[PDB]
Structures are given as C-alpha cells and as structure tokens.
>>> print(open('query_14.pdb').read())   # PDB, C-alpha atoms and all ligand atoms
ATOM      1  CA  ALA A   1     104.224 131.436  96.327
ATOM      2  CA  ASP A   2     102.741 128.869  98.744
ATOM      3  CA  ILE A   3     100.623 127.358  95.941
ATOM      4  CA  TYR A   4      99.971 123.948  97.542
ATOM      5  CA  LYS A   5     100.331 125.310 101.097
ATOM      6  CA  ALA A   6      97.193 127.465 100.734
ATOM      7  CA  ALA A   7      95.428 124.252  99.645
ATOM      8  CA  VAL A   8      96.612 122.067 102.552
ATOM      9  CA  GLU A   9      95.002 124.746 104.756
ATOM     10  CA  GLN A  10      91.545 124.183 103.227
ATOM     11  CA  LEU A  11      91.864 120.469 104.079
ATOM     12  CA  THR A  12      89.552 118.824 106.641
ATOM     13  CA  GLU A  13      90.537 117.571 110.117
ATOM     14  CA  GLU A  14      90.022 114.116 108.560
ATOM     15  CA  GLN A  15      92.805 114.838 106.039
ATOM     16  CA  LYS A  16      95.366 116.571 108.290
ATOM     17  CA  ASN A  17      94.956 113.925 111.022
ATOM     18  CA  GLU A  18      95.078 110.946 108.629
ATOM     19  CA  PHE A  19      98.272 112.442 107.155
ATOM     20  CA  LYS A  20     100.392 113.014 110.286
ATOM     21  CA  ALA A  21      98.831 109.884 111.830
ATOM     22  CA  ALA A  22      99.556 107.617 108.842
ATOM     23  CA  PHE A  23     102.955 109.343 108.580
ATOM     24  CA  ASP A  24     104.128 108.487 112.119
ATOM     25  CA  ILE A  25     102.739 104.952 111.677
ATOM     26  CA  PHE A  26     104.683 104.596 108.405
ATOM     27  CA  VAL A  27     107.685 106.575 109.698
ATOM     28  CA  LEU A  28     108.368 103.769 112.211
ATOM     29  CA  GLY A  29     112.021 103.046 111.350
ATOM     30  CA  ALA A  30     111.519 105.057 108.134
ATOM     31  CA  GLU A  31     114.705 106.149 106.322
ATOM     32  CA  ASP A  32     114.833 109.390 108.350
ATOM     33  CA  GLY A  33     111.796 110.037 110.588
ATOM     34  CA  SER A  34     109.909 110.617 107.314
ATOM     35  CA  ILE A  35     108.417 108.868 104.257
ATOM     36  CA  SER A  36     110.300 109.258 100.960
ATOM     37  CA  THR A  37     108.967 108.094  97.571
ATOM     38  CA  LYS A  38     110.028 104.642  98.838
ATOM     39  CA  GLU A  39     107.980 104.948 102.057
ATOM     40  CA  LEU A  40     105.128 107.237 100.941
ATOM     41  CA  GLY A  41     104.156 104.625  98.325
ATOM     42  CA  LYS A  42     102.641 102.162 100.827
ATOM     43  CA  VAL A  43     101.314 105.273 102.612
ATOM     44  CA  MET A  44      99.716 106.715  99.450
ATOM     45  CA  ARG A  45      97.851 103.587  98.271
ATOM     46  CA  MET A  46      96.252 103.491 101.744
ATOM     47  CA  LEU A  47      94.799 107.003 101.302
ATOM     48  CA  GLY A  48      92.854 105.827  98.227
ATOM     49  CA  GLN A  49      95.441 105.873  95.415
ATOM     50  CA  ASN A  50      97.522 103.414  93.358
ATOM     51  CA  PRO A  51     100.225 105.174  91.348
ATOM     52  CA  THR A  52     103.496 103.525  90.260
ATOM     53  CA  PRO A  53     107.068 103.431  91.561
ATOM     54  CA  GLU A  54     108.241 105.436  88.521
ATOM     55  CA  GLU A  55     105.845 108.413  88.681
ATOM     56  CA  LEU A  56     106.493 108.459  92.449
ATOM     57  CA  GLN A  57     110.101 109.695  92.158
ATOM     58  CA  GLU A  58     109.128 112.233  89.469
ATOM     59  CA  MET A  59     106.110 113.320  91.549
ATOM     60  CA  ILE A  60     108.230 114.584  94.468
ATOM     61  CA  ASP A  61     111.110 115.643  92.185
ATOM     62  CA  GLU A  62     108.605 118.201  90.843
ATOM     63  CA  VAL A  63     107.385 119.571  94.197
ATOM     64  CA  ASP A  64     110.597 118.855  96.142
ATOM     65  CA  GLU A  65     113.400 121.434  95.803
ATOM     66  CA  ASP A  66     116.334 119.702  97.538
ATOM     67  CA  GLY A  67     116.722 116.564  95.391
ATOM     68  CA  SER A  68     116.202 114.056  98.228
ATOM     69  CA  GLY A  69     112.929 112.325  97.274
ATOM     70  CA  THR A  70     111.871 112.466 100.944
ATOM     71  CA  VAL A  71     108.423 113.632 102.114
ATOM     72  CA  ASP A  72     108.122 114.579 105.804
ATOM     73  CA  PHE A  73     105.192 116.408 107.440
ATOM     74  CA  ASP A  74     105.232 118.995 104.626
ATOM     75  CA  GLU A  75     105.749 117.600 101.110
ATOM     76  CA  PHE A  76     103.023 115.053 101.937
ATOM     77  CA  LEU A  77     100.218 117.622 102.282
ATOM     78  CA  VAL A  78     101.668 119.408  99.231
ATOM     79  CA  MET A  79     102.206 116.437  96.885
ATOM     80  CA  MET A  80      98.692 115.209  97.761
ATOM     81  CA  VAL A  81      97.236 118.650  96.941
ATOM     82  CA  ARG A  82      98.397 118.412  93.307
ATOM     83  CA  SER A  83      96.794 114.961  92.945
ATOM     84  CA  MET A  84      93.458 116.744  93.503
ATOM     85  CA  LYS A  85      93.627 118.357  90.041
ATOM     86  CA  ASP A  86      95.855 115.741  88.360
ATOM     87  CA  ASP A  87      92.882 113.367  87.986
ATOM     88  CA  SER A  88      89.906 115.767  87.913
TER
HETATM   89 CA    CA B 101     112.187 116.409  99.731
END
>>> encode(input="query_14.pdb", output="structure tokens", more="lines below")
Ligand SMILES: [Ca+2]
Amino acid sequence: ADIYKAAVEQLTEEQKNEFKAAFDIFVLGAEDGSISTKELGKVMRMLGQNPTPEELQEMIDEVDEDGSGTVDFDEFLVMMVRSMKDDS
C-alpha cells in the first residue's frame, strides 16, 4: 500500500514546491483545476523529461485507478516517483 506515496515523502522541498508550483501555473484554465496526460505533458518536459503522447496515457492509466487520465496534486508526485526507477 502507499508504494509511491512513501517515495513522494522522501522528496526534497525543491521537488514538492516545483510540483505544486508548476501545477498551478499549468493548471491555469486546465481541463479541471488539474493537469491530465494532455496537460502534464508540457509540465513533464519542463521538469527534465521528454516522453511521448502515447506512453503518457498508459503511464497514468497504470497508476491512476479511476480511468480519467487526470493528474492533480497527487498522481503527479506518484507518476514522477515511478520514473525514478523506470530509467535507472
Ligand atoms: Ca486520475
């Protein structure tokens, strides 16, 4: 339980702040006060990444459990935690 959550807790103030901060900045007019695979994209490449529009939907579809493809202040710190071991 709480597999990625325990990881988002070991993050650094530079990561938690950049997340919520970049989120609100990218949530401006977002689909629903959040950043779904369609909004997180431009928000992910800015954190130091460059995935594709195809793996994006599948990425959340794996961590998400509602079938919405949205990532508010929660699935963002979780989906980014898996990318830490997906490239290592
Ligand atoms: Ca979701």
>>> residues_near_ligand(input="query_14.pdb", ligand="ligand CA 101 (chain B)", cutoff="6 Å", atoms="all atoms listed in the file", output="PyMOL selection string")
chain A and resi 64+66+68-71
>>> resolve_selection(input="query_14.pdb", expression="the PyMOL selection byres (((chain A and resi 58) around 12) and not hetatm)", output="PyMOL selection string")
chain A and resi 36-37+51-57+59-65+67-70+79
>>> closest_residue(input="query_14.pdb", among="A:87, A:80, A:41, A:19", to="residue A:7", atoms="all atoms listed in the file")
A:80
>>> resolve_selection(input="query_14.pdb", expression="the PyMOL selection byres (((chain A and resi 5) around 9) and not hetatm)", output="PDB file with C-alpha atoms, in the coordinates of the input")
ATOM      1  CA  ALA A   1     104.224 131.436  96.327  1.00  0.00           C
ATOM      2  CA  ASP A   2     102.741 128.869  98.744  1.00  0.00           C
ATOM      3  CA  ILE A   3     100.623 127.358  95.941  1.00  0.00           C
ATOM      4  CA  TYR A   4      99.971 123.948  97.542  1.00  0.00           C
ATOM      5  CA  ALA A   6      97.193 127.465 100.734  1.00  0.00           C
ATOM      6  CA  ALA A   7      95.428 124.252  99.645  1.00  0.00           C
ATOM      7  CA  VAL A   8      96.612 122.067 102.552  1.00  0.00           C
ATOM      8  CA  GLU A   9      95.002 124.746 104.756  1.00  0.00           C
ATOM      9  CA  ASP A  74     105.232 118.995 104.626  1.00  0.00           C
ATOM     10  CA  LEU A  77     100.218 117.622 102.282  1.00  0.00           C
ATOM     11  CA  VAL A  78     101.668 119.408  99.231  1.00  0.00           C
ATOM     12  CA  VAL A  81      97.236 118.650  96.941  1.00  0.00           C
TER      13      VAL A  81
END
>>> atom_distance(input="query_14.pdb", atom1="atom CA of residue A:11", atom2="atom CA of residue A:39")
22.5 Å
>>> resolve_selection(input="query_14.pdb", expression="the PyMOL selection byres (((chain A and resi 32) around 12) and not hetatm)", output="ChimeraX atom specification")
/A:23-24,26-31,33-36,38-39,68-73
>>> atom_distance(input="query_14.pdb", atom1="atom CA of residue A:10", atom2="atom CA of residue A:75")
15.8 Å
>>> atom_distance(input="query_14.pdb", atom1="atom CA of residue A:86", atom2="atom CA of residue A:25")
26.6 Å
>>> decode(input="query_14.pdb", residues="stretch 27-40 of chain A", atoms="N, CA, C and O atoms", output="PDB file, in the first residue's frame")
ATOM      1  N   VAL A  27      -2.036  24.635 -14.463  1.00  0.00           N
ATOM      2  CA  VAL A  27      -3.486  24.365 -14.248  1.00  0.00           C
ATOM      3  C   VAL A  27      -4.316  25.584 -14.680  1.00  0.00           C
ATOM      4  O   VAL A  27      -5.527  25.533 -14.744  1.00  0.00           O
ATOM      5  N   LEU A  28      -3.666  26.676 -14.977  1.00  0.00           N
ATOM      6  CA  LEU A  28      -4.409  27.896 -15.405  1.00  0.00           C
ATOM      7  C   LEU A  28      -5.369  27.557 -16.548  1.00  0.00           C
ATOM      8  O   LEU A  28      -4.967  27.418 -17.687  1.00  0.00           O
ATOM      9  N   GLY A  29      -6.633  27.424 -16.256  1.00  0.00           N
ATOM     10  CA  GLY A  29      -7.614  27.096 -17.329  1.00  0.00           C
ATOM     11  C   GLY A  29      -7.530  25.605 -17.662  1.00  0.00           C
ATOM     12  O   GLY A  29      -8.198  25.122 -18.555  1.00  0.00           O
ATOM     13  N   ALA A  30      -6.714  24.872 -16.953  1.00  0.00           N
ATOM     14  CA  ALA A  30      -6.590  23.411 -17.232  1.00  0.00           C
ATOM     15  C   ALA A  30      -7.975  22.785 -17.423  1.00  0.00           C
ATOM     16  O   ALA A  30      -8.990  23.412 -17.189  1.00  0.00           O
ATOM     17  N   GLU A  31      -8.023  21.551 -17.844  1.00  0.00           N
ATOM     18  CA  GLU A  31      -9.341  20.882 -18.052  1.00  0.00           C
ATOM     19  C   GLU A  31     -10.185  20.955 -16.776  1.00  0.00           C
ATOM     20  O   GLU A  31     -11.356  21.273 -16.814  1.00  0.00           O
ATOM     21  N   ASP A  32      -9.600  20.660 -15.647  1.00  0.00           N
ATOM     22  CA  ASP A  32     -10.375  20.710 -14.373  1.00  0.00           C
ATOM     23  C   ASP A  32      -9.444  21.011 -13.196  1.00  0.00           C
ATOM     24  O   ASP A  32      -9.129  20.143 -12.406  1.00  0.00           O
ATOM     25  N   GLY A  33      -9.004  22.235 -13.072  1.00  0.00           N
ATOM     26  CA  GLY A  33      -8.094  22.593 -11.944  1.00  0.00           C
ATOM     27  C   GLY A  33      -7.049  21.492 -11.757  1.00  0.00           C
ATOM     28  O   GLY A  33      -6.685  21.150 -10.650  1.00  0.00           O
ATOM     29  N   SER A  34      -6.564  20.933 -12.832  1.00  0.00           N
ATOM     30  CA  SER A  34      -5.545  19.851 -12.715  1.00  0.00           C
ATOM     31  C   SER A  34      -4.776  19.706 -14.030  1.00  0.00           C
ATOM     32  O   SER A  34      -4.965  20.465 -14.960  1.00  0.00           O
ATOM     33  N   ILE A  35      -3.912  18.732 -14.118  1.00  0.00           N
ATOM     34  CA  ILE A  35      -3.133  18.534 -15.377  1.00  0.00           C
ATOM     35  C   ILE A  35      -3.209  17.071 -15.813  1.00  0.00           C
ATOM     36  O   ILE A  35      -2.509  16.222 -15.299  1.00  0.00           O
ATOM     37  N   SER A  36      -4.054  16.771 -16.759  1.00  0.00           N
ATOM     38  CA  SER A  36      -4.176  15.363 -17.228  1.00  0.00           C
ATOM     39  C   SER A  36      -3.065  15.041 -18.228  1.00  0.00           C
ATOM     40  O   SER A  36      -2.303  15.900 -18.623  1.00  0.00           O
ATOM     41  N   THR A  37      -2.970  13.808 -18.643  1.00  0.00           N
ATOM     42  CA  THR A  37      -1.910  13.426 -19.621  1.00  0.00           C
ATOM     43  C   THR A  37      -1.799  14.481 -20.727  1.00  0.00           C
ATOM     44  O   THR A  37      -0.765  14.636 -21.346  1.00  0.00           O
ATOM     45  N   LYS A  38      -2.855  15.206 -20.981  1.00  0.00           N
ATOM     46  CA  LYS A  38      -2.805  16.248 -22.047  1.00  0.00           C
ATOM     47  C   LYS A  38      -2.194  17.543 -21.500  1.00  0.00           C
ATOM     48  O   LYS A  38      -1.673  18.354 -22.240  1.00  0.00           O
ATOM     49  N   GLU A  39      -2.252  17.745 -20.210  1.00  0.00           N
ATOM     50  CA  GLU A  39      -1.673  18.988 -19.626  1.00  0.00           C
ATOM     51  C   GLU A  39      -0.333  18.681 -18.952  1.00  0.00           C
ATOM     52  O   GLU A  39       0.593  19.465 -19.003  1.00  0.00           O
ATOM     53  N   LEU A  40      -0.225  17.544 -18.319  1.00  0.00           N
ATOM     54  CA  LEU A  40       1.053  17.186 -17.642  1.00  0.00           C
ATOM     55  C   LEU A  40       2.193  17.117 -18.661  1.00  0.00           C
ATOM     56  O   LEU A  40       3.332  17.412 -18.355  1.00  0.00           O
TER      57      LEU A  40
END
